Amino acid sequence: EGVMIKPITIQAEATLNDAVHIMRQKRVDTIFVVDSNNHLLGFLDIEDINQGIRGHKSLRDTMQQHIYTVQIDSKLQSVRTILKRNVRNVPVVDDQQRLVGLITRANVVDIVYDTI
Amino acid sequence: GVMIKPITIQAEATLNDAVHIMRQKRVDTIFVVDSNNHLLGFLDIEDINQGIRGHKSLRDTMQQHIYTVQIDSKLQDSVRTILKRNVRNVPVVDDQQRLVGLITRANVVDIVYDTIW
């Protein structure tokens with residue numbers, strides 16, 4: 001987990017509008033929703049945000065709750081997990097499910113490719 | 001109201017136990033619950049295989065971020081999300097976070113389709 005990086009996060013109580021600004025400043029496709037203590041609760045992309053505002057929904061009710069995750073303690077032999085399931089983003093969490101990092105497919109693909 | 005019963009495994013159980021249970025009922029994944037039936041996790045075939053390698057525990061292997069819905073819920077308020085997303089198994093829970101049912105993506109498609117046409 002030296003391959004991991006820091007994710008862009010947003011608190012659950014924030015507004016969808018706040019989410020919009022963040023992605024823009026940071027120029028990212030996706031952001032992670034956490035609580036005050038950094039526990040992962042969700043994931044948002046631009047499309048979700050638009051559907052949310054259009055529907056007048058809170059951030060909590062707009063985020064994706066289903067996420068595939070990997071433990072901080074896990075060795076970098078969970079590459080198969082990212083590859084088999086083919087997900088752009090994989091969050092890294094601790095034993096308490098607090099967000100600590102993020103693993104990207106593009107980056108993973110790159111490591112393999114570079115290695116071969 | 002359109003849900004079906006879920007296949008579960010207790011939290012204290014092992015990965016090998018999870019493998020056996022799946023064969024018996026021959027399902028794609030199982031849900032982890034506690035002594036009082038609170039939903040704690042989700043397991044599917046790929047998750048279990050990784051579990052074996054690394055010789056991990058059940059709790060450390062399970063996925064704790066799941067999309068769920070309340071039983072007092074209206075289906076139409078969740079159907080669009082279900083159809084739009086790729087999530088296969090949507091657990092149904094009570095206000096107490098207790099697992100009482102399951103709705104699959106496959107079922108929603110069948111009902112919806114069969115409804116019309």
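These values consider heavy atoms only, across backbone and side chains, with no hydrogens, waters or symmetry-generated copies. All chains are named by letter (A, B, ...) in the order of the sequence lines, taking the proteins before the strands, and each is independently numbered beginning at 1.
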What's the separation between atom OG1 in A:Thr9 and atom CG in A:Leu40, rounded to the nearest 0.5 Å? 10.0 Å
To the closest 0.5 Å, what do you measure between CZ (B:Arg85) and OG1 (B:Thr81)? 5.5 Å
Can you tell me how far apart CD1 (A:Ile8) and CD1 (A:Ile22) are? Round to the nearest 0.5 Å. 8.5 Å
In the single-linkage hydrophobic clustering (I, L, V, M, F, W, Y; side-chain heavy atoms under 4.5 Å), do B:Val93 and B:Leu40 co-cluster? no
pair B:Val100-B:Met3: side-chain heavy atoms closer than 4.5 Å: yes
Starting at CD1 of A:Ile67, measure out to CZ of A:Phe43 and round the result to the nearest 0.5 Å. 8.0 Å
Using distance only, find each side-chain donor-acceptor pair of residues 32-39 of chain A under 3.5 Å and give its atom names and separation, not counting sequence neighbours.
{"unit_1": "A:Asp35", "atom_1": "OD1", "unit_2": "A:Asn37", "atom_2": "N", "d": "3.1"}
{"unit_1": "A:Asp35", "atom_1": "OD1", "unit_2": "A:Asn38", "atom_2": "N", "d": "3.0"}
{"unit_1": "A:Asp35", "atom_1": "OD1", "unit_2": "A:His39", "atom_2": "N", "d": "2.7"}
{"unit_1": "A:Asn38", "atom_1": "ND2", "unit_2": "A:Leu99", "atom_2": "O", "d": "3.3"}
{"unit_1": "A:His39", "atom_1": "ND1", "unit_2": "A:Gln96", "atom_2": "O", "d": "3.3"}

For chain A, which residues of residues 44-63 of chain B have at least one non-hydrogen atom nearer than 4.5 Å to it? B:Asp44, B:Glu46, B:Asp47, B:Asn49, B:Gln50, B:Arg53, B:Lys56, B:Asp60, B:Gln63
Is B:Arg88 atom CZ crowded by more than 12 heavy atoms from other residues, nucleotides or ligands, each under 6.0 Å away? no
Using atom types as modelled, flag every donor-acceptor pair under 3.5 Å from a side chain in residues 102-114 of chain A to any protein atom, sequence neighbours excluded.
none

Counting only non-hydrogen atoms closer than 4.5 Å, can you tell me which residues of residues 68-77 of chain A sit against chain B? A:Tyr68, A:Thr69, A:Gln71, A:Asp73, A:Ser74
